[PDB]
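> Would you be able to build a 3D model of this:
(chains A and B)
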Amino acid sequence: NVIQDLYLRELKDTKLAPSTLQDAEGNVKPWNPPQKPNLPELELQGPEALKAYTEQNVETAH
Amino acid sequence: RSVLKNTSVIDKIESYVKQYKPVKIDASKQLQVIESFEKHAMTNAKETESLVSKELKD
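Numbers count the residues shown, from 1 in each chain, chains lettered A, B, ... in the order given. Sure, the structure comes next:
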């Protein structure tokens, strides 16, 4: 009765208002890239280090 | 994905993640430095070993 009236009115006479996906973007965190592979670069290459180390600390094992 | 009702970005980031799924490339840098280090170390180690073994028997 009143149920029917409400049902009728609600469904028919107004529905969803406008709302854009674009506007949504502002309110969410957007995807961004995982920049950089982050290559490590070789350290201590060559016997330059070795000659340095042999000479530098001469402290013997006790 | 089935949670979202705005879905046209889940396919974007799904494919973007699976595209860039290699996120870093391999590093093996311990094959040039480790052999050099191992040579000096081995030399010195053996020198010590032979020297003290000789001294023990002396």
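> Every contact and neighbour count from this point should use C-alpha atoms.
Will do.
> Where do the helices of chain A begin and end?
Ranges of helices in chain A, per DSSP state H, are A:2-13, A:21-26, A:48-56.
> Residues in contact with the shortest one: which ones?
For helix A:21-26, contacts defined as CA atoms under 8 Å, 6 or more residues apart in numbering or on different chains pick out residue B:6.
> cool, and stretch A:35-53?
Residues external to stretch A:35-53 that are found in contact with it (CA under 8 Å, 6+ apart): B:23, B:24, B:25, B:27, B:29, B:30, B:32, B:33, B:36, B:37, B:40.
> Okay, the closest residue to the second one other than its chain neighbours and residue B:12: tell me how far apart.
Excluding its sequence neighbours, the residue lying closest to residue B:24 (CA to CA, 6 or more residues apart in numbering or on different chains) is residue A:37, at 4.2 Å. Distance, residue A:37 to residue B:12, using CA to CA, to the nearest Å: 21 Å.
> returning to what we had before: let me know which of the helices of chain A is tucked in deepest.
For the helices of chain A, the largest average neighbour count (mean count of other CA atoms under 10 Å in any protein chain shown) is found in helix A:48-56, namely a mean of 12.
> Grab the longest helix from chain B for me.
In chain B, with assignment by DSSP H, the single longest helix is helix B:33-57.
> Can you mark which positions in that one are buried?
B:33, B:36, B:37 (16 or more other CA atoms under 10 Å in any protein chain shown).
> Can you add distance to residue A:1 and give the contacts of stretch A:35-53 back as TSV?
Listed next are those as TSV, based on distance: CA to CA, whole Å:
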residue	distance to residue A:1
B:23	63
B:24	67
B:25	70
B:27	76
B:29	81
B:30	83
B:32	88
B:33	88
B:36	93
B:37	92
B:40	98
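> Among those residues, which one sits closest to residue A:55?
Proximity of the contacts of stretch A:35-53 to residue A:55 (CA to CA) peaks at residue B:40, which lies at 12.0 Å.
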